[PDB]
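Novice:
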Amino acid sequence: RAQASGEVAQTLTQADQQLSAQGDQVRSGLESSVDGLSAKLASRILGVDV
Amino acid sequence: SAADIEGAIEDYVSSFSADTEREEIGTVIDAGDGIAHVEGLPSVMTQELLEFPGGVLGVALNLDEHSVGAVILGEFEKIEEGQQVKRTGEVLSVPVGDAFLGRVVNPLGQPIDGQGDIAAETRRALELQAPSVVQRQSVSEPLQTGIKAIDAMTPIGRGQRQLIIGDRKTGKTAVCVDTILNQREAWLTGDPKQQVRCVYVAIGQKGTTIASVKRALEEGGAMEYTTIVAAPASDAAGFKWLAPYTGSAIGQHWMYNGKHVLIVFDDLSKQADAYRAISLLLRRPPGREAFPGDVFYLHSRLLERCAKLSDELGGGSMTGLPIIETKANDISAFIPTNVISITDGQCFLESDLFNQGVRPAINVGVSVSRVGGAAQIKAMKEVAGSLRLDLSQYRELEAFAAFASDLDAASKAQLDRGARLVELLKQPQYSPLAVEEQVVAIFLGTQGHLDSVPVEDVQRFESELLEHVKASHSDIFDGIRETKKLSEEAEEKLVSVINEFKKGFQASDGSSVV
Amino acid sequence: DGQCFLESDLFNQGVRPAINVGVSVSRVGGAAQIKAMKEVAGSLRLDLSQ
Amino acid sequence: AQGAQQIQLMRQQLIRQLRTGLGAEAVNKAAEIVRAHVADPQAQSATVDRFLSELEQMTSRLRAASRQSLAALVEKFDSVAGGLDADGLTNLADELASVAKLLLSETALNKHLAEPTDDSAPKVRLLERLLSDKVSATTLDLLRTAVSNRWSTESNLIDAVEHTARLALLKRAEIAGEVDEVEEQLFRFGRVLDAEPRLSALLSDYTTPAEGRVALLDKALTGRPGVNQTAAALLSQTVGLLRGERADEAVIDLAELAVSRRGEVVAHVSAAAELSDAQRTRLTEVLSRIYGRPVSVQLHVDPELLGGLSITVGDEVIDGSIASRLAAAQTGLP
Amino acid sequence: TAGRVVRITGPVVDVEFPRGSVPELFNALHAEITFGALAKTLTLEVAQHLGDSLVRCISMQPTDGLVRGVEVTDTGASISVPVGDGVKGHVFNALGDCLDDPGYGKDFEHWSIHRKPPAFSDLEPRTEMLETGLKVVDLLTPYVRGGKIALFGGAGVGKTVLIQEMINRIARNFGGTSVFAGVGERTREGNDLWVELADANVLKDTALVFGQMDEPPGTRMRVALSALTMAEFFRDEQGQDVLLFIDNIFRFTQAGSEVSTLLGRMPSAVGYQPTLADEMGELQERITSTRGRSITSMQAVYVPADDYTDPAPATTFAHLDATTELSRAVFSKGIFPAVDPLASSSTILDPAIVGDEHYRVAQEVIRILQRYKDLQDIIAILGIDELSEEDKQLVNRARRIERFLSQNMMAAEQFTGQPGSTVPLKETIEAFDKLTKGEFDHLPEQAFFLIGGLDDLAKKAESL
Amino acid sequence: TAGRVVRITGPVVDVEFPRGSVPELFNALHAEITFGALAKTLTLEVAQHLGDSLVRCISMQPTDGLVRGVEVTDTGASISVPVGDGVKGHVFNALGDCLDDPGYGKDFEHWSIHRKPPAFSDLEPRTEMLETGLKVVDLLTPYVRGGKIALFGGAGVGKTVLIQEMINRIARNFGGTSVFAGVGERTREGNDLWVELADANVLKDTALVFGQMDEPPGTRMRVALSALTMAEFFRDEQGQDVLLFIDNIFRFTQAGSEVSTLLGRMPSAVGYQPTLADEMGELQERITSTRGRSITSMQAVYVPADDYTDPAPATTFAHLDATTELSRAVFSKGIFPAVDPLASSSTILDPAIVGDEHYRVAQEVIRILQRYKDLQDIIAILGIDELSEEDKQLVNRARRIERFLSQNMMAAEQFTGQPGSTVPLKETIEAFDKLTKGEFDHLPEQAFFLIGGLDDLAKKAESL
Ligand SMILES: Nc1ncnc2c1ncn2[C@@H]1O[C@H](COP(=O)(O)OP(=O)(O)OP(=O)(O)O)[C@@H](O)[C@H]1O
Ligand SMILES: [Mg+2]
């Protein structure tokens, strides 16, 4: 039990670090795609091509 | 990874459309204590879902010529005079599907466990009619609760409403969690006609207690077939009122699809309090203990959903295990009386028994299951037939345990048999027993094979024997679970194993049992 | 801060002023007594309750 | 396995929160883009035109007894006013308002006149002996009809007579030909009052003498040279018999009654800017088609909408406003 | 002429009608719920006239989905239930709608469920006895023809089997009929009773009227009256003796209390309706013998808190003429009909009504079976040998007396195959006079179990 | 923009605002009283929106002197209280006004008293025992570190003495921060606590918020939330371990009931407000600890009429991990701390957490005490001699166990004179294992009374 719990905790810490790094990495391309996403959203809430 | 992320926001942007349609608007003319009165909405229907500007929701529960009294389902602090109220046009409905297994959901079906959204197969309104008399079937399939006391003396059959009634900290939630856990061996079978799906409606319970129940189910592996409809004490009275109905709807979707469901409610005493609060705030006339006139209708409408459907409707079932917290063990209070009348059986868990070491504290004799032997497998029925009479005689004779020197041989035999049967019905928490092991235990007790073991050791004996039979003579358990009866060919072998094991047992005082 | 529960049963029994020693209590306690009476009567109430 | 899952669900929660942030940023950028675009008058007019095109494709508080009594009384006013002229209508309205003031002042008179009875002869006799010579003859028929029919409660009687006192003026505007002008005017006085909460509150005759309230109104509101006589008279009558109803809601309800008399229902319209009579025409025709009755449009111009119009009539609303669309897009995001 | 719903407050609906068309009290009005999921035709029962053309009504069906301003059409008569020989063999709800054959009975004659009891001049002045043919009932607790009998019991004591027994006996001895008023009937138990009666082939002689618990309080309050109207039709029109079961009457009282609370009436006593006695009398006093035919009634009564002074039982028992208490002790000992001979009581068991010999025999039996109960403690603790010769005689005689009160009940014909036994009252009196005197104490105890009479007892003796 | 007082009724004040400026619920409004000695600035908290632009508010200070028509200004934000490390070592009232140093915190960060509880995703059960040094608490109802503890009791059974003792036992050597919420408690006890903490130098790590009973209902409602807001700031914004002492949490609901009827709500159960459970949940769920950041709350709950079935204690019981129940029955005997060993319970008392020897000893003690509570009546009427030998010896053990569960607590030296004592958990569990096995059956009962441990037990036995 204790090894299972220790292994789970270690992998949880490692996964937290790795996934946090991966998320902020991908947020970079997120801020690129945001421009097009917002343009198309505007062209929807307006009902005509922006 | 990045492909998925924006994938979704982009998809929103696209599928998103400029909805523009007639809508009926009211205005909040009065708000307070979880109730908001809405002028307007002429087409509103009773128990309709209204949405207020801040994403808040409420239920149009009173309709007068002047205003609509709506109970606000949380986030009440964001309601103001003059805010627009927009009617959804649909009565309360909750999503339902197989995706709710392993999830914790608020009474509206929105997940609160922090995991992803739930793939809702369909929506069911919280007020659909219960199965009719013609759509039902006789309760005849056991629902093994794993508690020797319940399964032997107050059996629950699939489709029954077995109330668990007791004072605080007496073993109610423990009994229900043991019942939920005991269904894992049936779940792993993969046969829908044996699987029992569980819904644990938590009402007015502190968040950490629901988390503890979730951990208890998860460590025992029962979360993969259990859904928690959590309405913690922090939520408005509306959620504590609707949680039983959201659990009933989730269970009913499976019930009508042919699955078998077990619906637990800790506690209907807290749902009734929530409804009382809502009614008094809405100024509905109060009756006994300030409850509104239709509290019995509340609980009956909730519990009459539980039923076993005829084979024409798929043959599914929904078994209720309402939990009600009496005060000072006064089963005559209003809500306890109502539920005792509604339910098909009662398990009276008393604190005096709990302190005396009887756990799970079920007061045999007063606790009954009107379904009776029809909810037991043949083996359990045959073994436990004598159990109730023996325990009644023991409770009659217990005053004589002091002066047994002067008792008749038969009377002393009954006293000693009962003193060991009561130990036999004890059971540690989170340790449910499969039906075959219960059969073997009550067989030890009733046939008298425990009459030689000291009362102090029965619990250990029964354990060390069952384990032994599980390890070296698993044939008995296989026969019992496959045939549902304890035949003579297997009974003789079981007695032989009992006598073989009794030689190897060392009672706690050092004596020898043979 | 306290209570001197006078009971009719004690009054009739001849216990006058009729202070029910058990239910009665003074939460200031010894701090409201001169040191001498604190020393002599420190445990008197609990002794009488017992 | 539990730990595995927990890390997989942590990855999915990372995905969900990153998507939430992306959606929030996209919503902010789209809102900025649309607000910048709509800033141009041509774009705003185009949004209003599309809104109109999309739309193209699309006494109640009285209880039963008072409802029937007021219905009968209005029936009467119809016949009685069918003969009177403009001066006759003015005299009728003034006398009806005066008797309404008398009823309001003497609470005991109200009660016993409003109290229902199978035979109304005592009430009719009381009304005759107390007002027959004082007021014009035509007022007597209306007041007898009012005191004859059974009212749900005493207060309703006042609401009856005052109502008739209003109708007269409206009928005057109907015969003089300013029915639309008086309604428009009332609406203008409405917002005026809505723009001065202190003025509306101080106009509560329920707290101060009615004559003082009317003098305040004259010095403040009806003294403007361009005010129509009918609208000023209606507002003075209403404020002088306000009886606790907020002067604002009173005058808006008066405008509602003015339009209802003509059989049309007014739709309150809010927009970032007025939109030409072209608009009015097309929008009025569209709303009339949707609601199957002639409709009047009142423009509550406000830049908050940031684009298309938001319309409300009765309990129903058409909401294609750009602000509402931004709110919908923001809420619908994951 | 149709009204409009102005208020919805739970099961209470206020309807505003035109000035001259307000419905009279207790009229059944129909309203439409048109929401797709909950489409329904609400049947509202006018409870009060609030004035200004408003009538307050108790919805007999859930109001979830009702809309203000929805049209309400007045039927012009109280809730009407179907009546006739055609209602036998079918299950109805409180409103007269068939549940096992929807649309059934809508062409039958319909009777208002509100009707005054028989005129005072038409009431029978003498309390005749209903000789059912059961030894225990006929001897110790004689049922009153046209009276109300409490039926205490529970699960596993054969209450349903006894109900079948009485249905069979009223059908085949008195040529009558039974109407089962399931007030507050658990849907599971309702279906179980339906299938049990169908299997026993007694449904054809029984009209079932279930007001289920899940239904609002109104139907639970009106189901007893609906079943009672069916029984009254069978009595007055068809001239049949009727046996009307009610399970449970306390739930009729509870539904009345809930309706009273909903309509804003101040509760009395322990929270019960102020009109408790009037409602209970209007229900019970219609259960009477008139013009020669009689509606006997067996009523399962629940005593809250085990308090016979609680107003619900305290008012019910003013109308009950007998009490039959099934016990799990007697049941476990193989005695069917499972009637506890000592807890059960009957108010017609006096020599003025029953014969003097009957009273003497019954009192002797009660004396014996009470001694035996007193000596049961000695037997179970110190053994039978601890008793004296006289006591042991008495115990051996009481065993046979209590086992002879058992009977091969008619309802058992479906299980044991052997026909049921109807012992005439005289034969029962003579048999128990012989049995208390010890004239049959030499026979084995097994000779008395489930034996229908005296000659049958010989033949189970010579067979042993 | 400012409002106007329209109606004053005790602690409830109605304010009419202009249509466009009706304050939001729970916003703080300011009014002014100008009369001499009562002159002040009156804080009101909007409770309801009555319509017609009116709001109904609860007054934090007494409304005596307030005048109809007085100007009311809206603050635009709910009542806010100071937060930060600076609140440690100082005394505050409900509104956040420092008492010992007026105007101290008017520049600190201010947090709204009203906030939602932590999301369910963040809540994790706590199962770490907290060793207190008291025999009864550490044995029968062990306390949970980071969980919720309560000290139930009737009027004057020692809740305040025990809560002060627990402050002395946990907080005195606590590494983190402590917050004490004197919710409607006696002011003398609060001042004694303040001086005691100052003398022991614990005050520097404690923040005190007093809403004592001399203050009107609204401030009694909101003092608990203010102290809890400080505790939440310490939990979330600093990740520190926090002790949240409260006395008495019942006063929150009692104040709610006091203003319930004025505010327009119909009353529920025994005079309580309908929203009792809702308010208690909204306050209690905020006290929960979340994963990685702990609050060890231990809140005294007052039981009205010494009736544990009263709605307020009954509702409070659900929000608690450990429940030490004081009873006047035990207090009347002299068994200080007056803990009822039986009714008192704890969630952490399981064999998986506290051990398997601790659990056995505690459960055997409970068994013995329950048996001696069922034998007490027989003893009082029949006599101890009439009992069995086993029951007699068990009664001796039970009396000794009851007296040994008593302890001379450190903060109750004004009660008993002698100094306090701490019994380590292991020593307690061995002491009670010995007692339940008869190892001390020969010592006199008085040897176990108010004696802290085995060594002191031997000393007192030798003294006697
Ligand atoms: N069979 C059992 N054996 C031993 N301990 C048990 C058993 N059942 C319950 N307990 C313990 O009893 C205490 C109360 O149990 P449980 O959580 O079921 O309470 P409950 O009666 O549902 O009350 P509530 O939810 O009101 O606190 C807990 O310590 C639980 O561990
Ligand atoms: Mg529980």
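Protein chains in written order, with PDB author numbering: chain b, 115 to 164; chain A, 7 to 520; chain C, 350 to 399; chain d, 100 to 157, 169 to 444; chain D, 8 to 471; chain F, 8 to 471. Each residue gets a CB set at the ideal place from its N, CA and C atoms; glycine is no exception.
Residues of the stretch 256-276 of chain d with a CB closer than 8 Å to any CB of chain D: list them in chain order, please.
Specialist: For the stretch 256-276 of chain d, the set of positions with a beta-carbon nearer than 8 Å to some beta-carbon of chain D reads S262 in chain order.
Novice: In the stretch 20-51 of chain F, which residues sit with their C-beta less than 8 Å from some C-beta in chain d, listed in chain order?
Specialist: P25, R26, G27
Novice: Can you check the stretch 292-355 of chain A for any beta strand (DSSP E) of at least 3 residues that lies completely inside it and give the ranges in chain order?
Specialist: 323-331, 351-355
Novice: I need the DSSP call for F/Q377, collapsed to helix, strand or coil.
Specialist: helix
Novice: Could you give the C-beta distance for A/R142 and A/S99, rounded to a whole number, given that I count them as a contact under 8 Å?
Specialist: A/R142 to A/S99, Cβ: 24 Å. No contact.
Novice: With D/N175 as the anchor, note down where its alpha helix (DSSP H) starts and where it stops.
Specialist: 166-179
Novice: Please tell me whether d/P307 has its Cβ less than 8 Å away from any Cβ of chain F.
Specialist: Nearest CB-CB separation between d/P307 and chain F: below the 8 Å threshold.
Novice: Using 8 Å as the Cβ pair cut-off and three pairs as the minimum, do the stretch 366-373 of chain D and the stretch 392-399 of chain D touch?
Specialist: no
Novice: Just checking: is the beta-carbon of residue 165 of chain d within a distance shorter than 8 Å of some beta-carbon in chain A?
Specialist: As shown, the structure holds no coordinates for residue 165 of chain d; chain d passes over it, running from 157 to 169.
Novice: If you measure beta-carbon to beta-carbon, which residues of the stretch 190-214 of chain D are closer than 8 Å to chain A?
Specialist: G191, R193, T194, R195, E196, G197, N198, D199, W201, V202
Novice: Alpha carbon to alpha carbon, how far is F/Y309 from A/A243? Give it in angstroms, no decimals.
Specialist: 24 Å
Novice: Between which two residues does the alpha helix (DSSP H) containing d/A175 stretch?
Specialist: 174-191
Novice: DSSP beta-bridge partners for A/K92?
Specialist: Residue pairing by DSSP puts A/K92 in a beta bridge opposite A/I31, A/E57.
Novice: Quick check on the burial criterion: 16 or more other C-beta atoms within 10 angstroms. Buried or exposed for D/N198?
Specialist: The residue is buried, with at least 16 neighbouring Cβ atoms inside 10 Å.
Novice: Would you say A/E331 touches ligand 1, meaning its beta carbon is less than 7 Å from a heavy atom?
Specialist: yes
Novice: Using a Cβ-Cβ distance cut-off of 8 Å, determine whether d/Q112 contacts chain D.
Specialist: no
Novice: Mind reading off the beta-carbon distance from D/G153 to D/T303? Whole number of angstroms is fine, and I expect it under 8 Å.
Specialist: 6 Å
Novice: In this structure, what does DSSP give as the bridge partners for F/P89?
Specialist: F/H117
Novice: If you measure from the CB of A/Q435, is any heavy atom of ligand 1 nearer than 7 Å?
Specialist: Yes, ligand 1 has a heavy atom inside 7 Å of this Cβ.
Novice: Should D/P318 be labelled buried (16 or more other beta-carbon atoms within 10 Å of its own) or exposed?
Specialist: buried
Novice: Return helix, strand or coil for d/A256, following the three-state DSSP convention.
Specialist: Here d/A256 sits in helix by DSSP.
Novice: Please determine, among F/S60, F/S128, F/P30, F/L130, the residue with the shortest C-alpha to C-alpha distance to F/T82.
Specialist: F/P30
Novice: Beta-carbon distances below 6 Å to any heavy atom of ligand 2 define the shell here; list its residues in chain order, please.
Specialist: A/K178, A/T179, A/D272
Novice: Taking D/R378 and D/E452 to be in contact with their CB atoms under 8 Å, please state how far apart those CB atoms are, rounded to whole angstroms.
Specialist: Actually they are not in contact, since the Cβ atoms of D/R378 and D/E452 sit about 17 Å apart, beyond 8 Å.
Novice: Does the beta carbon of D/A405 fall short of 7 Å from some heavy atom of ligand 4?
Specialist: In the structure on display, ligand 4 does not appear, and the ligands it does have are ligand 1 and ligand 2.
Novice: For b/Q128, name the three-state secondary structure that DSSP assigns.
Specialist: Under the three-state reduction of DSSP, b/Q128 is assigned to helix.
Novice: Report the option in A/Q362, A/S338, A/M261 whose CA atom is closest to the CA atom of A/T325.
Specialist: A/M261
Novice: Is the stretch 116-127 of chain A touching the stretch 127-137 of chain F in the sense that three or more CB pairs, one from each, lie closer than 8 Å?
Specialist: yes
Novice: In chain b, which residues lie less than 7 Å from A/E225 when you measure between Cβ atoms?
Specialist: Contact annotation for A/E225 against chain b: no contact, minimum CB-CB distance about 10 Å [criterion: below 7 Å].
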